[PDB]
């Protein structure tokens, strides 16, 4: 079992970012390796389909307790679904998945399409539109409404900003950074506000629609017949739409991709299947989630070596989505690759792998793709616009992945046949 040696390579991991793991596999000339990080803790980095399958084998891998505390405190919240395993997890996960019915899924599509269509005049009116910002604000309106939480127009910009800070707060991989405390306070204001909606819903003072997150979460009872405590229920309710808001990252990358490959734009208009492929290739190609932590419960024999009981595990998400034997030309943006992809739960894992109900796999993958399809359809067909000179760098050596400028556009104009 090969090592990237050192007492703690966290700073090295941060210096190399999304390419750390790949650099180590190249240099140590291997498919699996160990590295200490996050305070001397050894972690075995596993990759590919075979890495993904093992990582999501619940007989052998523990997730509970393996997220760094600072990230729990900012990104996901204390007591959040991400932090529990076993029965308690399967029970609550089923609540999240119960929201993903056909009707609710079409509702997010319609809300997304309606808001973009409604937002054209406003974007025509601006000198420049930063798409990162404009999409986070718009998706804050989609996400609150979808979740049955009523956020006035007046408050949306505040809430968007607070979400933005939270979503960014995995940048230091759980270490201290200057934004930490501002991230915690953003979380606290968001949790406080959602807790009040839960308590008020429970008292019968407001009346969210049945089948919405706010309603289902507020009234749900776990397998022992107990409701979630109010704060915990607020933490998990936020987990139902803060990540929807985080799709703003992909909206920005999506425009970057379309701009660099103008051919994809024409095909988005010409071919009805194609918006789906584009959306999928945005999620595979661009960086967001670098890797996921777990822990070996027992000794595991894997790819010729034995992973000892108690050692950390890290599933390489970026490495697997760019693994040259799973994806022909992994570093070329090619939506057509998804005409042939067989839908395996272990190769396209940029939002996790495994099974939705029994693993920690992302509950909102279908929403993510639905929202990317409508959004990219809107930017391809409904407006025209200019891309001025700006920093369009996506730095793969820096977590989290962003377009440096956010992707700025100008001279937006609606596409309308008036003859």
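Numbering follows the first chain given and starts at 1.
In this entry, 8-16 shows the higher mean Cα temperature factor of the pair 396-404 and 8-16.
A summary of the deposited B-factors shows that, of 129-137 and 225-233, the stretch with the larger mean C-alpha value is 225-233. In the deposited coordinates, the residue among 351, 368, 29, 375 with the greatest CA B-factor is 29. Comparing the listed residues 299, 91, 216, 281, the entry records the largest Cα B-factor for 299. In the deposited entry, the Cα temperature factor of residue 38 places it in the highest third of its chain's modelled residues. Residue 309: CA B factor in the highest third of modelled residues in this chain (values from the PDB entry). Remark: residue 166 belongs to the lowest third of its chain, ranked by C-alpha B-factor as recorded. Ranked by Cα temperature factor within the chain, residue 185 sits in the middle third according to the deposited record.
Among the modelled residues of the chain, residue 48 sits in the middle third by CA temperature factor in this PDB entry.
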